[PDB]
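Chemist: One structure, as structure tokens, below. Some questions next.
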Amino acid sequence: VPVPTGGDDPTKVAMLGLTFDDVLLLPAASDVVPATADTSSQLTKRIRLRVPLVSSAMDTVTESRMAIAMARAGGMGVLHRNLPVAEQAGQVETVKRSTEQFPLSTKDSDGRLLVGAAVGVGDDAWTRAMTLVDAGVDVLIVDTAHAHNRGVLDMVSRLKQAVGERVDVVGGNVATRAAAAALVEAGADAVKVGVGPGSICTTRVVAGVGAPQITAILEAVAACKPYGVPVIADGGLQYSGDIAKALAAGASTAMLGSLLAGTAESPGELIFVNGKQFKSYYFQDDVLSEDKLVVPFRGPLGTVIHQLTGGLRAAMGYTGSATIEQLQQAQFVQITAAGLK
Amino acid sequence: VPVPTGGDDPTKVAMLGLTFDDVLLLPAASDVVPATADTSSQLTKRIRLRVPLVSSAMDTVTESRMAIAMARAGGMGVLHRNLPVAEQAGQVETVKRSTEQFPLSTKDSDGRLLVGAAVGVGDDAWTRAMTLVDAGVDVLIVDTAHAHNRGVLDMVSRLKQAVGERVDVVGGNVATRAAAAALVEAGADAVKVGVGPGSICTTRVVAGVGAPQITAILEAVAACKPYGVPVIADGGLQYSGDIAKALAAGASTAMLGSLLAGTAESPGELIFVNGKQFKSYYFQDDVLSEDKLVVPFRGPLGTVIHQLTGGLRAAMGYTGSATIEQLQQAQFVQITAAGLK
Amino acid sequence: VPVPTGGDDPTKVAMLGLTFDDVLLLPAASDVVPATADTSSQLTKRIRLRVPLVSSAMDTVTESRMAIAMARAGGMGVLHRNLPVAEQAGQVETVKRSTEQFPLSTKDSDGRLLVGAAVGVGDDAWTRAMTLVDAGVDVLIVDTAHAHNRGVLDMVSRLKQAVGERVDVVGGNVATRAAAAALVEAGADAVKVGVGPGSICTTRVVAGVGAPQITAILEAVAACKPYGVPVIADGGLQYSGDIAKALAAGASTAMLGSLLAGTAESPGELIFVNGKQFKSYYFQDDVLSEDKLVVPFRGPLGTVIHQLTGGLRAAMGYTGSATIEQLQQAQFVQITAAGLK
Amino acid sequence: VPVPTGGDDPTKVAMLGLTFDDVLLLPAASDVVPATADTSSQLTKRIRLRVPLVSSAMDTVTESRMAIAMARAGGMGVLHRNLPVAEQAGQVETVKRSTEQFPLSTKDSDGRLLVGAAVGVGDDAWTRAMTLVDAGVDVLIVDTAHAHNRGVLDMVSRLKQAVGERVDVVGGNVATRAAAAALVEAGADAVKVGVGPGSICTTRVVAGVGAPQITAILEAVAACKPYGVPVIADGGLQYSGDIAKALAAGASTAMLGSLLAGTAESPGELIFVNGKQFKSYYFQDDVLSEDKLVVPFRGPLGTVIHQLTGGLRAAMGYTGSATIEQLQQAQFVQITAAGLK
Amino acid sequence: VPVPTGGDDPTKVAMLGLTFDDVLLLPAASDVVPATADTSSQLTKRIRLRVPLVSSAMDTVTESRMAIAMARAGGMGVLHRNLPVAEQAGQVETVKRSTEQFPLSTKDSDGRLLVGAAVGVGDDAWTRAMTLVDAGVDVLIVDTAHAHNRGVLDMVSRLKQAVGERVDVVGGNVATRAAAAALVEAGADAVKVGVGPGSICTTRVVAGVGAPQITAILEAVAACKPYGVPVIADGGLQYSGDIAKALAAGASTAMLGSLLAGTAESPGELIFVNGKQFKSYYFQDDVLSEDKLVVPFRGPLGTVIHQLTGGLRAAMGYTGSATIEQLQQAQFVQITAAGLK
């Protein structure tokens, strides 16, 4: 009768959570060379990217220059919302208002670059979303720290019903199967996954709330896959191997973030301190955001994207996956604590 | 229905992988003293060694001098292939052109020292293999980073059918049971095991692909033992205890590699920098090699081989194994994380 | 009769040597503001630079790009001679074949940029010098580690007699009054000063030969001033104050070297290693060069030249010198050991 | 004829310079107990302080609070001029608009506290000086980096002629006898001494200009003493022994600066960062100021002044000087570099 | 009359001593290429070496193997006396009982190698000296810590009287002109110079006795040069520059010691400790030796001697010295404290 970990309720400890360091990709029968692997993936139900990488809509990562650089590399940039509405709309216009140099560009029918923007929850969020839609945006991200709230679902449904034909809607951060199912029922075209995914993230330390990323992705995919809704792996990524693992768990796209924070195309001013290069620099109304609880130079973005895509191509070659849809069926091997030393 | 680690498919996480640090050899009834232990082992179905150790065909490890020294010590050296075909054939001939000093020498019917050579995949690989066979090479290694490819199996089958009576063919690196079975069916005389076997290997960090070595050896043995095909452990070894564990898990020979890189017989000139000695110095076309993703001094080879043999003999004495074929029937005990600190 | 430092020879220890850290510039009666001081100086008896800074003709410092940048900044670059003769002549032509962006450009009668080139000693050196002169070069530097040799003086005399009217000949490194007088008599248009001027230079540690830079400049100037020959202070500089002291000691132009090794315009590709920027890359026939005895990033060159010129202008304002020819009449104060701690 | 340090001019290195670390005070015949020593000394020819310490007129050191505290403790504060004229005049008024707690207070004829204000050079400097005179200031400091400029002397003469009968005029920073003589000829009532007195002062590193403080004070006193003009030592002081040495070289008052920066009476709000206490915070027209080239907490001001006065009293007792006028005749002993380790 | 450094006797502080770090060799007129520099020098009045280097007769430096290696390299080794007399005589015979490989070997009339041996003071020293002479030794060293004693002079006179024709006698360590003159009068064929020449030598710390090496050499040469007696510099050498400086001050041969302690030919067995290379190891009657007051690996001796000779040749080329006799006329420049940072 007693549970081995204590108590009488077997469901008090729901499940054992796996992170990126707990699993490795098993080699399989392969007829694919890395140079010919097709790394194209679905961002939403209507948009296909050439490189499954998306910027993280942070104020230190994505602006108009970063969005253009990401869109020309085959991915997409999502503009942050720590700005006045007019500033974000102007950044959207700057991205939109722009070929052997960048054949891999992601473009709509009109030939303009694709860009997304983040909107919060509320009436100001509604007017900001409408202004961004009229400015020519393509994807609307409902950037929330916890997307299982009723207000977030109401906003997602309202956006999908009002401007559903013009633009796509992406749900906020979730980490369970039930939350992903709720977002799918609300009408979202894509689901962003991750709630305190880092090992020592501030959400885990201060609030004591978190979810290991591999298990969270597998749970969200278990709810999103039958309906054709893509899953975006957000947070916790540290290497190209982590990106390959996230894509192999069922996610269709990876939101990079800290990898692109210190690149040249990121916002900030380049200065020299102690012989080392650095980048120097009200609307964050989210109650559960991390900043409500509590940069070094990395070079050009092209080399970073090249390294990440090379690692992903190597993983595809090892696992015998010619497409991302075939990489999503790859198997894992769980490693013990001795495998991390 | 829910899996304890997330998702619905119980085969998404195939198995838990054990490394060399997760297991220890259990003592058993013993009547064997370390000095009379029989350390002879099979390298292939037609070749038997006196010390089950082989150099790992790396450009910093094995050349003609290293091959001669390793064959005179009771094992065998495998010449690397980062060289023009003429140079590799010349080194093969130099090894062939050579008793109280070296009683344990491994020799063919003519009394000449045994040597192996690594080849690649393709038509250039075919002409290199034919040139090496003409020069009197004894073992051909189809050395690939991921040997479960179809072209690798075709190359192995062609070599086995053409020069089956002349030389023995050994398949590339594998990590699963299916790959080992495929290599056995292809006609290989021995199977080399290991894909990213190190804890911080570059294959794991960049590509996210790997396999713990103990589990990989147990899986490849489960496919190779019914046909009598020897299994060669490759990579992940750090001590003589790791060699004993690999031989007890089912492998018939351990491939040393980094344990011999800094020794005197390895290629490189001995120089002095900052008061310590160091060693100073087109054909690396493997698509999945670790080089595509990304040496100090160690003293004489004789002391290293003597220490490894002493450790193996101590393990044989502890486990009551008179021969390696009995050491392969030993039992493991699995230790927790606290046993590593 | 006995000398306090030992022996009976009062001239055994010739003199005490002062370095850049031993002296400071004394403030004097001033009516000069830093921003209106004239930093023009004579590089040779016929060439006048706008900023008295010249690159040091090292293989990691000055090539065509660096020479163009230096000539546009107001000084002059000297091309290194670690190249085949044809390549050096091609770089000379590249610099020669080229205004509110660069008002301070150093240009000849034809409006083309000035460039210098280094030559050695010998028949190969003679043919290299003739090839460079045929390419339109302006200043020929006899780059030798010790210019008091007879061969260097003979080469200088030959060049002055052959192409004296077209180009200017500059003698090699000297550190005494006698060598400076010998170079002046041989026919040099400018005398370069410094032999192991650094504190831990390889010449001092290995060969035991050296000369502090302030004393060396004062001695060479005592020989070169009566004949109007400018003195080029080469080596030992680490700050703009060092440049100010060198110009106040009597030198007319400073040769920079290590301060420009890792700048943008120096040769080499800008690469990233370990999260930090670095630069990636038969003719070293000098018998007495430092090479026979035994780079990181710095930023754009414009900021370096701005900082150095600002330091020199501040020094000119402090000492009350409206011209470099007036700065050469400044006085020093010698500081003790406690002034360095 | 040749000079031992190089050249033929014996006055190129004018003199050897001594800092505070190069000298120590020699004990002499004494009959003065520390508790009865008189520490009163002239600040100007008309104002006599009871404690010979003055704050250094910097934006991080002296404001109205600091000036009031210094005047209460027995010295005087000089208000910095990095302010609009109205703000500085208001601070002067605040200090003026203000007894067994502060027996040593320095007061004017009307019984108000004494305060000084620093002015620059120019017409704006003239209007600022006149506005501060109308505010009730007592001492006008012509704060410059190099006071041998003609404009500084002209400004001093103008101020002396205009407001001579009301307030006192103090000349800027000097480091030579000639500059002090020029200031005295201009009509200054006190001469401030020091041009880059620190070992690692930015003026020495960037401009190469400086003068050791002991020699500078001895030279300026050699000119100011025959005319009865006091000498103020500014910069380079780090202990009470340094204050004693400065006063013994002939100076009548020491300007502290960094020794008063970390006190609570200095501007800046006190907070706690990383377990340690710290302080938080157009008119900079001085062409040679340090800011044109390129804080911790220490407690109450009274304890710092007590410690410094105790050290000075101990020095007076050791040297047998009943008054400061007797301490200024004390002798020094010069120590070698071996006494600093 | 009062001395600047205290007292009334001007001869209390005899002289200012210079070490190797206080002087540098001034460049002079040169016509010597380092490849043709003649490094031949006198060891005694009847022995001329081809390389002026001698081992220091310490138990950790020189034995039979080291002596043979040094004699074949162009110099000479001196066997240490920390052994039984029979063992030392046997080692002398071993060296004696022995050519394109070693063209520069130092040889006697019969063509055998030259060796040296050290003796103490006393009757045991006399019997040891007689045994060594009967064993064919060529040079006898009266190895004492202080050679101005009457016993040392008596021993030298006795040896020169008894075996003057067959072998040469060398006096112990001296550091003054008077001691050198006394040894020369006693009849020594060479004078060894240095009494606590190290910077932190145990003699300087425990006994407080020592003399800087450059001054000591200049003083001993002042007494030895008129009579044609060579001077040997002992101790204090750390680099080839120090060797060049010692030979320039007037010494004819340098005794290496610590530079040859960790080589291959020095006594001590080669082993590995913590992954690092190391060496493993009643007659000490010297009362004033450092022993009464109180190794790592270096590689083959050939490279060490080659580097030292290369540095010496570089110094000879810089100073224009065709021979060592001409190098002894070179001049020094004295550097201040700032020349060592």
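In the structure tokens, the first chain shown is A, the next is B, and so on; residue numbers restart at 1 for each chain, and ligands run from 1 in the order shown.
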Show me which bits of chain C are within 6 Å of chain E, counting only C-alpha atoms, as an MDAnalysis selection string.

Modeler: chainID C and resid 4:7 12:17 148:149 199 205:210

Chemist: Just to be explicit: take each residue in the selection above, keep N, CA and C atoms, and write the result as a PDB file, in the first residue's frame.

Modeler:
ATOM      1  N   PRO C   4      84.955  52.106  -8.202  1.00  0.00           N
ATOM      2  CA  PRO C   4      84.035  51.543  -7.201  1.00  0.00           C
ATOM      3  C   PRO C   4      83.363  50.255  -7.641  1.00  0.00           C
ATOM      4  N   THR C   5      83.074  50.094  -8.930  1.00  0.00           N
ATOM      5  CA  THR C   5      82.410  48.896  -9.424  1.00  0.00           C
ATOM      6  C   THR C   5      83.379  47.757  -9.726  1.00  0.00           C
ATOM      7  N   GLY C   6      84.652  47.914  -9.407  1.00  0.00           N
ATOM      8  CA  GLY C   6      85.598  46.826  -9.587  1.00  0.00           C
ATOM      9  C   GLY C   6      86.541  47.057 -10.754  1.00  0.00           C
ATOM     10  N   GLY C   7      87.782  46.602 -10.593  1.00  0.00           N
ATOM     11  CA  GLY C   7      88.776  46.703 -11.641  1.00  0.00           C
ATOM     12  C   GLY C   7      89.540  48.010 -11.621  1.00  0.00           C
ATOM     13  N   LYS C  12      85.398  50.465 -18.273  1.00  0.00           N
ATOM     14  CA  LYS C  12      84.808  49.142 -18.452  1.00  0.00           C
ATOM     15  C   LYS C  12      83.287  49.223 -18.466  1.00  0.00           C
ATOM     16  N   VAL C  13      82.705  49.854 -17.449  1.00  0.00           N
ATOM     17  CA  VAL C  13      81.279  50.159 -17.431  1.00  0.00           C
ATOM     18  C   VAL C  13      81.134  51.528 -18.088  1.00  0.00           C
ATOM     19  N   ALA C  14      80.678  51.536 -19.343  1.00  0.00           N
ATOM     20  CA  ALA C  14      80.715  52.760 -20.136  1.00  0.00           C
ATOM     21  C   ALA C  14      79.834  53.845 -19.533  1.00  0.00           C
ATOM     22  N   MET C  15      78.570  53.529 -19.267  1.00  0.00           N
ATOM     23  CA  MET C  15      77.631  54.545 -18.817  1.00  0.00           C
ATOM     24  C   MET C  15      76.432  53.872 -18.167  1.00  0.00           C
ATOM     25  N   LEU C  16      75.652  54.675 -17.449  1.00  0.00           N
ATOM     26  CA  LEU C  16      74.364  54.246 -16.927  1.00  0.00           C
ATOM     27  C   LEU C  16      73.301  54.448 -17.997  1.00  0.00           C
ATOM     28  N   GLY C  17      72.375  53.498 -18.091  1.00  0.00           N
ATOM     29  CA  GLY C  17      71.347  53.511 -19.115  1.00  0.00           C
ATOM     30  C   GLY C  17      69.983  53.843 -18.531  1.00  0.00           C
ATOM     31  N   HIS C 148      75.965  48.234 -37.398  1.00  0.00           N
ATOM     32  CA  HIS C 148      77.355  48.667 -37.362  1.00  0.00           C
ATOM     33  C   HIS C 148      78.275  47.754 -38.160  1.00  0.00           C
ATOM     34  N   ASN C 149      77.726  46.763 -38.855  1.00  0.00           N
ATOM     35  CA  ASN C 149      78.525  45.894 -39.702  1.00  0.00           C
ATOM     36  C   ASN C 149      78.968  46.638 -40.959  1.00  0.00           C
ATOM     37  N   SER C 199      62.615  45.199 -21.762  1.00  0.00           N
ATOM     38  CA  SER C 199      63.138  44.744 -20.478  1.00  0.00           C
ATOM     39  C   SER C 199      63.529  43.272 -20.517  1.00  0.00           C
ATOM     40  N   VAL C 205      68.272  38.217 -22.801  1.00  0.00           N
ATOM     41  CA  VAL C 205      68.321  36.955 -22.070  1.00  0.00           C
ATOM     42  C   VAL C 205      69.304  35.987 -22.716  1.00  0.00           C
ATOM     43  N   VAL C 206      69.269  35.870 -24.042  1.00  0.00           N
ATOM     44  CA  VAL C 206      70.079  34.868 -24.728  1.00  0.00           C
ATOM     45  C   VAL C 206      71.497  35.377 -24.953  1.00  0.00           C
ATOM     46  N   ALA C 207      71.632  36.495 -25.662  1.00  0.00           N
ATOM     47  CA  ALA C 207      72.943  37.010 -26.029  1.00  0.00           C
ATOM     48  C   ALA C 207      73.553  37.922 -24.975  1.00  0.00           C
ATOM     49  N   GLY C 208      72.745  38.506 -24.095  1.00  0.00           N
ATOM     50  CA  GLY C 208      73.266  39.429 -23.110  1.00  0.00           C
ATOM     51  C   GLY C 208      73.576  40.811 -23.632  1.00  0.00           C
ATOM     52  N   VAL C 209      73.114  41.150 -24.832  1.00  0.00           N
ATOM     53  CA  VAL C 209      73.401  42.427 -25.471  1.00  0.00           C
ATOM     54  C   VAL C 209      72.139  43.275 -25.443  1.00  0.00           C
ATOM     55  N   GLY C 210      72.296  44.550 -25.114  1.00  0.00           N
ATOM     56  CA  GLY C 210      71.159  45.447 -25.083  1.00  0.00           C
ATOM     57  C   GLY C 210      71.606  46.859 -24.783  1.00  0.00           C
TER      58      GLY C 210
END

Chemist: Where does DSSP see strand (DSSP E) in stretch 240-320 of chain B, if you list the residues as a PyMOL selection string?

Modeler: chain B and resi 253-255+269-273+276-280

Chemist: Please produce an output containing N, CA, C and O atoms for each residue in the selection, written as a PDB file, in the first residue's frame.

Modeler:
ATOM      1  N   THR B 253      38.894  -8.673 -27.499  1.00  0.00           N
ATOM      2  CA  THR B 253      40.120  -7.902 -27.629  1.00  0.00           C
ATOM      3  C   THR B 253      39.793  -6.441 -27.362  1.00  0.00           C
ATOM      4  O   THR B 253      38.725  -5.962 -27.748  1.00  0.00           O
ATOM      5  N   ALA B 254      40.710  -5.744 -26.699  1.00  0.00           N
ATOM      6  CA  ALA B 254      40.551  -4.332 -26.388  1.00  0.00           C
ATOM      7  C   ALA B 254      41.487  -3.512 -27.264  1.00  0.00           C
ATOM      8  O   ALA B 254      42.673  -3.834 -27.384  1.00  0.00           O
ATOM      9  N   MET B 255      40.950  -2.458 -27.870  1.00  0.00           N
ATOM     10  CA  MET B 255      41.715  -1.558 -28.722  1.00  0.00           C
ATOM     11  C   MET B 255      42.070  -0.317 -27.911  1.00  0.00           C
ATOM     12  O   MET B 255      41.178   0.403 -27.451  1.00  0.00           O
ATOM     13  N   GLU B 269      58.255  13.580 -32.761  1.00  0.00           N
ATOM     14  CA  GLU B 269      59.591  13.802 -32.227  1.00  0.00           C
ATOM     15  C   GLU B 269      59.501  14.327 -30.800  1.00  0.00           C
ATOM     16  O   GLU B 269      58.597  15.095 -30.466  1.00  0.00           O
ATOM     17  N   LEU B 270      60.449  13.912 -29.967  1.00  0.00           N
ATOM     18  CA  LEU B 270      60.462  14.279 -28.557  1.00  0.00           C
ATOM     19  C   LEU B 270      61.182  15.612 -28.383  1.00  0.00           C
ATOM     20  O   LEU B 270      62.350  15.744 -28.766  1.00  0.00           O
ATOM     21  N   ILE B 271      60.490  16.599 -27.806  1.00  0.00           N
ATOM     22  CA  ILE B 271      61.033  17.936 -27.609  1.00  0.00           C
ATOM     23  C   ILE B 271      60.743  18.368 -26.176  1.00  0.00           C
ATOM     24  O   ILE B 271      59.922  17.774 -25.479  1.00  0.00           O
ATOM     25  N   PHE B 272      61.423  19.429 -25.747  1.00  0.00           N
ATOM     26  CA  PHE B 272      61.282  19.968 -24.399  1.00  0.00           C
ATOM     27  C   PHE B 272      60.680  21.365 -24.461  1.00  0.00           C
ATOM     28  O   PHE B 272      61.240  22.257 -25.106  1.00  0.00           O
ATOM     29  N   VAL B 273      59.545  21.552 -23.789  1.00  0.00           N
ATOM     30  CA  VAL B 273      58.879  22.843 -23.686  1.00  0.00           C
ATOM     31  C   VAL B 273      58.542  23.082 -22.221  1.00  0.00           C
ATOM     32  O   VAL B 273      57.930  22.224 -21.574  1.00  0.00           O
ATOM     33  N   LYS B 276      58.983  20.285 -19.660  1.00  0.00           N
ATOM     34  CA  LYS B 276      58.334  18.993 -19.831  1.00  0.00           C
ATOM     35  C   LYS B 276      58.441  18.555 -21.283  1.00  0.00           C
ATOM     36  O   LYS B 276      58.504  19.384 -22.194  1.00  0.00           O
ATOM     37  N   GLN B 277      58.463  17.243 -21.498  1.00  0.00           N
ATOM     38  CA  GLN B 277      58.552  16.735 -22.857  1.00  0.00           C
ATOM     39  C   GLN B 277      57.189  16.726 -23.536  1.00  0.00           C
ATOM     40  O   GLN B 277      56.148  16.509 -22.910  1.00  0.00           O
ATOM     41  N   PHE B 278      57.221  16.971 -24.842  1.00  0.00           N
ATOM     42  CA  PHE B 278      56.058  16.924 -25.712  1.00  0.00           C
ATOM     43  C   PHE B 278      56.477  16.259 -27.013  1.00  0.00           C
ATOM     44  O   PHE B 278      57.666  16.146 -27.320  1.00  0.00           O
ATOM     45  N   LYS B 279      55.494  15.782 -27.766  1.00  0.00           N
ATOM     46  CA  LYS B 279      55.750  15.193 -29.072  1.00  0.00           C
ATOM     47  C   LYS B 279      55.259  16.138 -30.158  1.00  0.00           C
ATOM     48  O   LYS B 279      54.141  16.659 -30.083  1.00  0.00           O
ATOM     49  N   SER B 280      56.104  16.351 -31.161  1.00  0.00           N
ATOM     50  CA  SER B 280      55.910  17.362 -32.187  1.00  0.00           C
ATOM     51  C   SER B 280      55.856  16.703 -33.557  1.00  0.00           C
ATOM     52  O   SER B 280      56.484  15.664 -33.792  1.00  0.00           O
TER      53      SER B 280
END

Chemist: Distance atom CA of residue C:274-atom CA of residue B:295, one decimal place?

Modeler: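 Spanning atom CA of residue C:274 to atom CA of residue B:295 is a straight-line distance of 19.4 Å.
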
Chemist: List the neighbours of residue E:74 out to 12 Å using only C-alpha atoms; skip same-chain residues closer than 3 positions along the sequence, and give me the result as number ranges by chain.

Modeler: E: 39-41, 43, 48-54, 67-71, 77, 102-107, 113-115, 302, 305-306, 309

Chemist: With N, CA, C and O atoms retained, could you export that selection as a short mmCIF file (atom, residue, chain, number, x, y, z; two decimals), in the first residue's frame?

Modeler:
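The resulting result29.cif:
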data_model
loop_
_atom_site.label_atom_id
_atom_site.label_comp_id
_atom_site.auth_asym_id
_atom_site.auth_seq_id
_atom_site.Cartn_x
_atom_site.Cartn_y
_atom_site.Cartn_z
N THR E 39 85.19 30.20 -30.33
CA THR E 39 84.88 30.07 -28.91
C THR E 39 85.95 29.31 -28.14
O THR E 39 85.66 28.77 -27.07
N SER E 40 87.17 29.24 -28.66
CA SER E 40 88.25 28.58 -27.94
C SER E 40 88.77 29.48 -26.83
O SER E 40 88.89 30.70 -27.00
N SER E 41 89.09 28.88 -25.68
CA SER E 41 89.51 29.65 -24.52
C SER E 41 90.46 28.82 -23.67
O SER E 41 90.49 27.59 -23.75
N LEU E 43 91.59 27.14 -20.32
CA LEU E 43 91.15 26.68 -19.01
C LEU E 43 92.24 26.88 -17.97
O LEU E 43 91.99 27.43 -16.89
N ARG E 48 93.87 24.33 -23.34
CA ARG E 48 92.96 25.18 -24.09
C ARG E 48 91.75 24.37 -24.51
O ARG E 48 91.89 23.33 -25.16
N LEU E 49 90.57 24.84 -24.13
CA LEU E 49 89.32 24.19 -24.52
C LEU E 49 88.78 24.80 -25.81
O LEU E 49 89.12 25.92 -26.18
N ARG E 50 87.93 24.03 -26.49
CA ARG E 50 87.26 24.54 -27.67
C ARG E 50 85.89 25.13 -27.36
O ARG E 50 85.34 25.87 -28.18
N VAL E 51 85.33 24.81 -26.19
CA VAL E 51 84.10 25.42 -25.69
C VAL E 51 84.34 25.75 -24.23
O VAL E 51 84.61 24.85 -23.42
N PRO E 52 84.24 27.02 -23.83
CA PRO E 52 84.63 27.42 -22.46
C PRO E 52 83.56 27.11 -21.42
O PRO E 52 83.01 28.00 -20.77
N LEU E 53 83.25 25.83 -21.26
CA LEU E 53 82.28 25.38 -20.27
C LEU E 53 82.85 24.20 -19.50
O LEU E 53 83.45 23.30 -20.08
N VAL E 54 82.65 24.22 -18.18
CA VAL E 54 83.15 23.18 -17.29
C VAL E 54 82.06 22.86 -16.27
O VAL E 54 81.38 23.75 -15.76
N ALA E 67 81.38 13.53 -17.21
CA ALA E 67 82.72 13.97 -17.60
C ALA E 67 83.02 13.59 -19.04
O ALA E 67 83.57 14.40 -19.80
N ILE E 68 82.67 12.36 -19.44
CA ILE E 68 82.92 11.94 -20.81
C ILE E 68 82.10 12.78 -21.79
O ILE E 68 82.62 13.23 -22.82
N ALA E 69 80.83 13.01 -21.47
CA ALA E 69 79.98 13.81 -22.36
C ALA E 69 80.50 15.23 -22.49
O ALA E 69 80.51 15.80 -23.58
N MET E 70 80.94 15.82 -21.37
CA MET E 70 81.48 17.18 -21.41
C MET E 70 82.78 17.24 -22.19
O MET E 70 83.02 18.20 -22.94
N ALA E 71 83.64 16.23 -22.04
CA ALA E 71 84.91 16.24 -22.75
C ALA E 71 84.72 16.02 -24.25
O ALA E 71 85.50 16.55 -25.05
N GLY E 77 84.93 18.06 -17.80
CA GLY E 77 84.20 17.81 -16.57
C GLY E 77 85.16 17.57 -15.43
O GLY E 77 86.26 17.05 -15.62
N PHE E 102 82.45 13.09 -32.67
CA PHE E 102 82.91 14.07 -31.69
C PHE E 102 84.24 14.67 -32.13
O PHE E 102 85.30 14.36 -31.58
N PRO E 103 84.22 15.55 -33.14
CA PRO E 103 85.47 16.16 -33.60
C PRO E 103 86.10 17.11 -32.60
O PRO E 103 87.31 17.37 -32.68
N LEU E 104 85.32 17.65 -31.65
CA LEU E 104 85.78 18.71 -30.77
C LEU E 104 86.29 18.20 -29.43
O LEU E 104 86.53 19.01 -28.52
N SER E 105 86.44 16.88 -29.27
CA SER E 105 86.84 16.32 -27.98
C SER E 105 88.17 16.90 -27.52
O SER E 105 89.12 17.04 -28.29
N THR E 106 88.23 17.25 -26.23
CA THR E 106 89.47 17.73 -25.64
C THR E 106 90.36 16.55 -25.29
O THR E 106 89.93 15.63 -24.59
N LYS E 107 91.59 16.57 -25.79
CA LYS E 107 92.47 15.41 -25.72
C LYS E 107 93.86 15.82 -25.25
O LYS E 107 94.32 16.94 -25.50
N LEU E 113 90.91 11.44 -23.44
CA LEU E 113 90.12 12.58 -22.97
C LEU E 113 90.74 13.19 -21.72
O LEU E 113 91.47 12.53 -20.97
N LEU E 114 90.45 14.46 -21.50
CA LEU E 114 90.86 15.16 -20.29
C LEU E 114 89.75 15.13 -19.26
O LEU E 114 88.57 15.25 -19.59
N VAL E 115 90.14 14.97 -17.99
CA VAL E 115 89.21 14.96 -16.87
C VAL E 115 89.81 15.77 -15.74
O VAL E 115 91.02 16.00 -15.68
N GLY E 302 73.69 17.61 -25.19
CA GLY E 302 74.07 18.19 -26.47
C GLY E 302 73.27 19.44 -26.80
O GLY E 302 73.84 20.46 -27.21
N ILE E 305 74.34 22.39 -24.44
CA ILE E 305 75.62 22.98 -24.84
C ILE E 305 75.47 23.73 -26.16
O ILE E 305 76.08 24.79 -26.36
N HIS E 306 74.65 23.21 -27.08
CA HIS E 306 74.42 23.89 -28.35
C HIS E 306 73.75 25.24 -28.14
O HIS E 306 74.14 26.24 -28.76
N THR E 309 76.30 27.67 -26.54
CA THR E 309 77.28 28.12 -27.52
C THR E 309 76.64 29.05 -28.55
O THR E 309 77.29 29.99 -29.02
#

Chemist: Could you jot down the atom CA of residue A:190 to atom CA of residue A:44 separation for me, Å, one decimal place?

Modeler: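 Computing the Euclidean distance for atom CA of residue A:190 and atom CA of residue A:44 yields 5.3 Å.
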
Chemist: Interatomic distance between atom CA of residue B:185 and atom CA of residue B:125?

Modeler: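 It comes out at 21.2 Å.
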
Chemist: Would you pick out the contacts of residue B:264 at 7 Å or less, using only C-alpha atoms, so that residues sharing its chain but fewer than 6 positions from it are not included, and give the list as number ranges by chain?

Modeler: B: 299-301

Chemist: Fewer than 2 positions away in the same chain doesn't count, so skip those; otherwise give me all residues within 7 Å of stretch 166-172 of chain E, counting only C-alpha atoms, as a list in words.

Modeler: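 Neighbouring residues, sequence-local ones excluded: residues 138, 139, 140, 141, 142, 143, 144, 145, 146, 147, 156, 159, 160, 163, 164, 174, 183, 188, 189, 190, 191 and 192 of chain E.
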